Amino acid sequence: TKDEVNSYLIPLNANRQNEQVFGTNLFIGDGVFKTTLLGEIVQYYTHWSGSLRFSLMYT
Amino acid sequence: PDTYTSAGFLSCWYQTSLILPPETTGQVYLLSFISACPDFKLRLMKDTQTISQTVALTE
Amino acid sequence: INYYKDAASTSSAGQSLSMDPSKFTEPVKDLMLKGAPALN
Amino acid sequence: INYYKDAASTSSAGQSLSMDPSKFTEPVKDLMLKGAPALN
Amino acid sequence: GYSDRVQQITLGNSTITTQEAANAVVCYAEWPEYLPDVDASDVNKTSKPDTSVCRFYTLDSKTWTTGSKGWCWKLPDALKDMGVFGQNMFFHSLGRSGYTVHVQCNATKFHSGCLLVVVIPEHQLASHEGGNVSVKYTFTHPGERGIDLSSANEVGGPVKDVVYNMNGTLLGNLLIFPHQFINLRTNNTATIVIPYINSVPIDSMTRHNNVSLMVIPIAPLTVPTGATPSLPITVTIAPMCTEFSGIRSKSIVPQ
Amino acid sequence: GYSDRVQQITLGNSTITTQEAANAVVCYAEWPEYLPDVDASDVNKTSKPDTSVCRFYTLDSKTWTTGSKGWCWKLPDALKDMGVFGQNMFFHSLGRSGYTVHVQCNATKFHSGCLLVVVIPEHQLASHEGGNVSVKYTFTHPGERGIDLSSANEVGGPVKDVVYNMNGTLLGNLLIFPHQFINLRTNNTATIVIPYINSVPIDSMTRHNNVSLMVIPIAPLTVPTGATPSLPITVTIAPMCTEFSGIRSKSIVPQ
Amino acid sequence: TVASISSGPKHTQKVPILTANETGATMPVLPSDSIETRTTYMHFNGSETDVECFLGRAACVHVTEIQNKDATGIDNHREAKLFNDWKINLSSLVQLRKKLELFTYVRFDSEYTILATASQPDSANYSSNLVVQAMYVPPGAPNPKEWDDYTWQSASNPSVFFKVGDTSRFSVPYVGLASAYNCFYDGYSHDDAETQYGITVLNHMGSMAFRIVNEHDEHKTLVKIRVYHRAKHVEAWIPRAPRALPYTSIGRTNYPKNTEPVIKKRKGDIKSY
Amino acid sequence: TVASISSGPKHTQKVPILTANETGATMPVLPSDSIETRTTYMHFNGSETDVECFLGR
Ligand SMILES: Cc1cc(CCCCCOc2c(Cl)cc(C3=NCCO3)cc2Cl)on1
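Thresholds, definitions, all that
- Residues numbered from 1 in each chain as written, not as in the entry; some residues may be left out.
- Chains lettered and ligands numbered in written order.
- Part of a larger assembly, values for the part shown.
- Heavy atoms only, no water.
- Helix = DSSP H or I, 4+ residues; strand = E, 2+ residues; numbered from the N terminus.
- Buried < 20%, exposed > 50% of the residue type's maximum accessible area, 1.4 Å probe, protein only.
- Areas by Shrake-Rupley, 256 points an atom, 1.4 Å probe, with all protein chains shown as cover.
- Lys, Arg positive; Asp, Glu negative; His and termini not counted.
- Charge placed at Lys NZ, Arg CZ, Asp CG, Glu CD.
- Rg over C-alpha atoms; globule rule 2.2 N^0.38 Å.
- Contact = heavy atoms within 4.5 Å.
- Core = buried A, V, L, I, M, F, W, Y, C linked by side-chain atoms within 4.5 Å.
- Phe/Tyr/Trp six-rings, centres within 6.5 Å; stacked < 30°, edge-to-face > 60°.
- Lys NZ or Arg CZ within 6 Å of the ring centre and 35° of its normal.
- Pairing = 2+ DSSP bridges.
- Axes fitted to C-alpha atoms, helices over the stretch in contact; angles between N-to-C directions.
- 1 Å grid on protein atoms, 1.4 Å probe; cavity = no way out; pocket = protein on both sides within 12 Å on 5 of 7 lines; lining within 4 Å.
- Points joined across faces, edges and corners; volume = space filled by probe spheres on them.
- Nonpolar A, V, L, I, M, F, W, Y, C, P; charged D, E, K, R; others polar.
- Buried area = accessible area lost by both parts, 1.4 Å probe.
- Salt bridge = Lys/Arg side-chain N within 4 Å of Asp/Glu carboxyl O.
- Polar contact = N/O pair within 3.5 Å; in protein donor to acceptor, adjacent residues only side chain to side chain.
- Near = heavy atom within 4 Å.
- Patch = residues over 30% accessible without salt bridge, like charges linked within 9 Å, V, L, I, M, F, W, Y side chains within 5 Å.

In its metadata, the entry names X-ray crystallography as the structure determination method and reports 3.0 Å as the resolution.

Structure, rendered in structure tokens:
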């Protein structure tokens, strides 16, 4: 509800099976993407095309 | 964001499940990053919705 | 054709067409090869 | 003489002088010769 | 002894023979071909089911009677349910295809009547409401049933007025589109080969139809005396050079 | 810095990475390949959907607990409903395929337990009734669910006794079949590549399963103190070099 | 080039005038296949029927209007025409529309000319000299809310400043998403059951916004903007039947109900001259 | 210029998609490292993202 270091953290629960960790659409100019450097630059242009690289680092 | 032009969804699920060692507890977190592949193209520059102002700034 | 004497008066510069992201994307001291293990 | 850098800024294009109505007037699979019977 | 008249088309595991053809049209004089790399954008390798999708599907038959106004099918819609063509369609994000269309109608040397068989690239229909009323999805996706131009206006459906091609242009000028006539006295089939025509290299098969096939009686059917007053018209269509790309979960579409 | 240990398998539009592998087995030292002409009989050209069928399907997960007896899946059955692989399956008269099987089970350095992962060509099951009672169809076509060897005898179903492999042979000798162990202390996955093995060049995919994949706990699962007493096991399988032939109407199978 | 060759009497077994139109072809028959002709030359190239020529002259595509007046106490500038916008589209006016819709896909660069003239319908001491500012708000850009916003700063948005009575001119590359502009589109944005139908869903290239830079004088001044568009570097594919009925909407093919017969009825018989 | 090369099935000991982000690098991974791709060309130069262009209006 207010910007926090915690919205960068995707939590994981021990022992859950089959279940879903997170979900998002890919509107790179809006939503989660919007404040990232990528999101932030994309917004200076009208059209984009290309591949995106999404990585997850485990802690 | 535009419909015709929309790009999909990204989701993540447990494939088997997180398992913590003994003497350990709670949630673990993933950090996630985004960057563009060398593939990428951006065109037709315009103004960003990410910044605005109501009076000129002074010293 | 420049009509003016000073360099500041010329039009915009022309595309770097330089482009080398490695100073930003791979500033590591020991070279990393894609496909080889990250940490040996 | 183009005074401008971008191609969109140049004047109108110049006559195709292409002209080939057969894609529209004779798109038949087996070629028809004028003078020979239409249906054999 | 080859005549323009007799023909055989074998595609996949299915063959068609006509003994009374009138040549065949190849839209814009181009034959269907796969998507070249130089024209490619999506980086995905595509899937080319070949003979399992490139065979002839015969849609259900229509009945030409003296009151018929004409019928309209959209592609790839008409085939949305045919065998593996259809499955591939709902399961990939993008697909591309050309077709061979074979329209059949035989009678006797005492009948008269003449149908126009035409293929219209990007046939955007008009709402019969006027103004800027849209034509809902379901209405432009009739499936194998196609649209029956002598059916009644419905709400959210297109206008079905024949002398206006369902779009504000006159029936008489449809001849600028690849087409062929079936004149009972001459002809008994019409065959058109359709190359893939779009402004993008590959597209969605469900949100956009790229041709409407239209069969329209123009010289009314006239049967011999005390003949039954009607003839069936059958449409058989075969996807050719089909490619699918961006496989996943399987689209869910309205209705 | 390549280890036997880390691996990547990319097949179609899907990729698997393991950081704790124990090499991989290729049944009988042969890698899946298409059907050569010299071996062909049916004259039909076959369909090779390629990347739309040769990708990785992850079946639903199992739960290894201290009481588990083992699970059994049949191929191509287990995949009868996965994406376009499955459609092709019900729609052609004949089909043929090899697979990459990747079984996954991770734990920690305090757990113990060891699973046997084995592929048995032509695993004809036994009726628990004895005599010459048959094993009904449905029972040998469990689909993605597979057979749970610790479930109860049912009527018309197979026997589920583990030390007899469901056929009158001893568990101990299953090691003559291509197999790999998952020993929590070593291993976290098992990967086996299965070439197509049959006495005919191509067969029906619905009346005959050509391998059973079997995962059997052998050294019981032992979790660290006050750990939850169970681990999930996941099976992901990818058809490879698949070919379908004799397309038609679409099989209807019991139940 | 010969327009007609010389040809004399014929008594053949080779009849070029009998054909079978059922085939879909238009056989290339000439005067000399059926009468006796003399040589004549063409003297003509077909220059002025080139599609570049046909679509290459400026056409009026839009007329809007804005006014210069005291904005003091105006709660909605947009609504007071303190500034307007034109949601870029070439379907508005039908003169240029019919021409374009002769084709299915079209690709070209645009050259815009913008003429602005002022009117002072009620008592003014004079005619002031106003400066117009036309800025193209690409879709996904901060839309001007006021007439002296931060948006008008247009630091990344191409904008032009010209005087009323004068004209502004520039040209734009083809900014289409695809390989060409879709004159028609028999599809939807997505597989919805209520989503719109047509091109109006495909042609979403933002809008243009005008405004007067000058503050307000004692009188009010009406400025009326006319946008002209000229296609240059034209490429057109797939000819279609010309538009017969009147237009009702930007982007749909819809025609009005109880329209009138478009084919002129004979005053007389089929036999009449 | 190719935007993507053609690439097919992989079953290797050489995994380009596993990295260690703690190092500070962004490893140059491409679509063809993890799916099967077909050749496609760029058709584009990145002209309008040059800093001269970005700050030049
Ligand atoms: C079909 C079809 C074609 C078009 C034309 C689209 C217009 C594209 C954007 O064009 C402009 C650009 Cl790039 C800049 C300016 C502009 N820059 C400073 C002032 O105006 C105006 C326009 Cl319309 O619309 N439907």
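Read on, since the account is not over.
A. Layout of the overall build of chain C. Scanning chain C for helices and strands turns up one helix and zero strands. Taking the principal axes of the C-alpha coordinates as reference, chain C spans close to 60 × 15 × 10 Å. Each of the 40 residues in chain C was classed as buried or not, and the buried ones make up 5%. For chain C, the exposed area adds up to about 3,800 Å²; of that, 57% sits on carbon and sulfur atoms. The average position of the 4 basic charges and that of the 4 acidic charges among the side chains of chain C differ by 2 Å.

B. Geometry of the overall build of chain E. Per the secondary structure count, chain E includes one helix and 13 strands. Listed N to C, the secondary structure of chain E is β-β-β-β-β-β-α-β-β-β-β-β-β-β in terms of helices and strands. The C-alpha atoms of chain E give a radius of gyration of 19 Å, which matches the 18 Å a tight globule of 255 residues would have. Structurally, chain E occupies a C-alpha span of about 60 × 55 × 30 Å along its principal axes. Here chain E, with 255 residues, has 64% of them falling under the buried criterion. Across chain E, contacts joining residues at least 24 apart in sequence account for 80% of those joining residues at least 6 apart. In chain E, 17 positive and 19 negative side-chain charges are present, and the distance between their average locations comes to 5 Å.

C. Broad picture of the nonpolar core. The biggest cluster of nonpolar side chains holds 70 residues, and the ones touching the most others in it are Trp64, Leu79, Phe85, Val103 and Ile194 of chain E. Put simply, the parts of the chain that give this core at least two residues each are β6 (71-75), α1 (83-91), β7 (92-104), β8 (112-121), β10 (179-183), β11 (189-194), β12 (211-222) and β13 (230-247) of chain E. The biggest single contributor to this core is β8 of chain E, with seven residues. Grouped together as the second largest cluster of nonpolar side chains are 41 residues, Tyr57, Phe85, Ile182 and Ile237 of chain F included.

D. Examining the packing of aromatic side chains more closely. Under the defined criterion, the tally for this structure stands at 14 aromatic pairs over all chains. Relative to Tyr188 of chain G, the ring of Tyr137 of chain E lies with its centre 5.2 Å away and its plane at 35°, an arrangement referred to as tilted. With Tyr137 of chain E in the loop between β8 and β9 (147-148) and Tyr188 of chain G in the loop between β9 (181-182) and β10 (207-211), this residue pair bridges two chains. Comparing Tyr137 of chain E with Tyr188 of chain G shows no difference in burial state: the two are buried. Aromatic side chains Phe108 of chain G and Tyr181 of chain G sit 5.2 Å apart centroid to centroid with 65° between the ring planes, which places their arrangement in the edge-to-face category. You can see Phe108 of chain G sitting in strand β5 (residues 103-119) and its partner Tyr181 of chain G sitting in strand β9, a full 73 residues away along the chain. Comparing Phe108 of chain G with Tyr181 of chain G shows no difference in burial state: the two are buried. Sitting above the plane of the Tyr57 of chain E ring, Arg55 of chain E keeps its charged end 5.4 Å from the centroid. Sitting above the plane of the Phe184 of chain G ring, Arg240 of chain G keeps its charged end 4.0 Å from the centroid.

E. Region of interest: the sheet that holds strand β2 (residues 28-36) of chain B. The three strands are arranged β1(A)-β2(B)-β4(A) in an open sheet whose pairing can be described as antiparallel. Looking at which strands have only one partner, the edges of the open sheet turn out to be β1 (9-12) and β4 (52-58) of chain A. Across the sheet, the mean angle separating the axes of adjacent strands is 30° when strand polarity is ignored. Relative to β2 of chain B, β1 of chain A is paired through four bridges, and the arrangement is antiparallel. The residue bridging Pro11 of chain A from the neighbouring strand is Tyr29 of chain B, located in β2 of chain B.

F. Representation of empty space enclosed by the protein in the model. This structure, assessed with the given rule, holds nine cavities of 30 Å³ or more. The volume enclosed by the largest cavity comes to roughly 120 Å³. Along the wall of the largest cavity there are 15 residues; nearest its centre are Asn167 and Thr169 of chain E together with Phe184, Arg240 and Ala241 of chain G. Considering only residue class, the lining of the largest cavity consists of six nonpolar, five polar and four charged. Volume-wise, the second largest cavity comes out at about 80 Å³. Taken together, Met32, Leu33, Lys34, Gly35, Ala36, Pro37 and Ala38 of chain D together with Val15, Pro16, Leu18, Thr19 and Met27 of chain G form the lining of the second largest cavity.

G. A look at the interface of chain A and chain B. Facing the 45 residues of chain A at the interface are 39 residues of chain B. Around 4,600 Å² of area is buried between chain A and chain B when both sides are counted, 62% of it from carbon and sulfur atoms. Inspection of the region where chain A meets chain B yields zero salt bridges. One can count 24 residue pairs in polar contact joining chain A with chain B. Among the secondary structure elements, those contributing two or more residues to the side of chain A that touches chain B are β1, β2 (20-25), α1 (37-42), β3 (45-49) and β4 of chain A. No other element matches β4 of chain A, which puts seven residues into the side of chain A that touches chain B. Per-class residue counts for the side of chain A that touches chain B are 23 nonpolar, 17 polar and five charged.

H. Highlighting the sheet that holds β12 of chain E. Read across the sheet, five strands follow the order β9-β6-β12-β8-β10 (chain E) without closing on themselves; strand pairing throughout is antiparallel. The strands lining the two open edges of the sheet, one partner per strand, are β9 and β10 of chain E.

I. Up close: the side chain of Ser32 of chain G. The residue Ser32 of chain G is located in the loop between β1 (2-4) and β2 (40-41) in this model. Assessed through its relative accessible area of 10%, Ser32 of chain G is described here as buried.

J. Spatial organisation of the pattern of salt bridges. Residue and element names in this part refer to chain A. Applying the stated rule across the entire model yields 24 salt bridges over all chains. A salt bridge links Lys2 to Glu4; the shortest N-O distance between them is 2.8 Å. A residue is classified by how much of its surface remains accessible, and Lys2, at 57% relative accessible area, is exposed. A residue is classified by how much of its surface remains accessible, and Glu4, at 36% relative accessible area, is partly exposed.

K. Molecular detail of the site of the ligand. Residue and element names in this part refer to chain G. Around the ligand sit 15 residues, and of these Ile88, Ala134, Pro158, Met205 and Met208 come closest. Between the ligand and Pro158, the relevant distance is 3.3 Å, taken from a nitrogen atom to a main-chain nitrogen or oxygen of the residue. Within the side chain of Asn203, one N or O atom sits 3.5 Å away from a nitrogen atom of the ligand. Relative to its unbound accessible area of 600 Å², the ligand is 92% covered by the protein chains. Broken down by secondary-structure element, the contributors of at least two residues to the shell around the ligand are β6 (131-137), β7 (159-163) and β8 (167-172). Among the residues forming the shell around the ligand, the class breakdown is 13 nonpolar, two polar and no charged.

L. Structural context of the arrangement of the chains. Separating chain D from chain F is a minimum C-alpha gap of 27 Å, and the two share no contact. One finds no contact between chain D and chain H; the C-alpha atoms of the two approach each other to within 12 Å at their closest.

M. Highlighting α1 of chain E. Within α1 of chain E, eight of the nine residues are buried, which leaves it mostly tucked inside the rest of the structure. Of all the positions in α1 of chain E, only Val84, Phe85, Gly86, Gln87, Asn88, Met89, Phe90 and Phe91 of chain E are classed as buried. Lining the buried residues of α1 of chain E we find β4 (57-58), β7 and β13 of chain E together with α1 (83-91), β7 (92-104) and β13 (230-247) of chain F.

N. Up close: the side chain of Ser204 of chain E. All names here are of chain E. Note that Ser204 resides in the loop between β11 and β12. Classification of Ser204 as buried rests on a relative accessible area of 10%. Of note is the side chain of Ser204, whose polar atom sits 3.4 Å from the backbone nitrogen of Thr206. Apart from the residues within four sequence positions on either side, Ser204 is in contact with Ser93 and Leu94.

O. Region of the structure containing the pairing of β8 of chain E. All names here are of chain E. For β8, the tally of buried residues reaches nine of 10 residues, placing the bulk of the element in the interior. With five bridges joining them, β8 and β10 adopt antiparallel strand pairing. When the bridges of β10 are listed, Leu115 appears paired with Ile182.

P. Local environment of α1 of chain F. In terms of residue burial, α1 of chain F counts as a mostly covered element, since nine of its nine residues are buried. Every buried residue of α1 of chain F is listed here: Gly83, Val84, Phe85, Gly86, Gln87, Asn88, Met89, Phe90 and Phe91 of chain F. Summarising the contacts, the buried residues of α1 of chain F are in contact with α1, β7 and β13 of chain E together with β4 (57-58), β7 and β13 of chain F.

Q. View of a nonpolar patch on the surface. Together, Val38 of chain E together with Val2, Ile5 and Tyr41 of chain H make up a nonpolar patch on the protein surface, roughly 330 Å² of accessible area in all. Note that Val38 of chain E resides in the loop between β3 (25-26) and β4. Looking at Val38 of chain E, the relative accessible area reads 47%, which means it is partly exposed.

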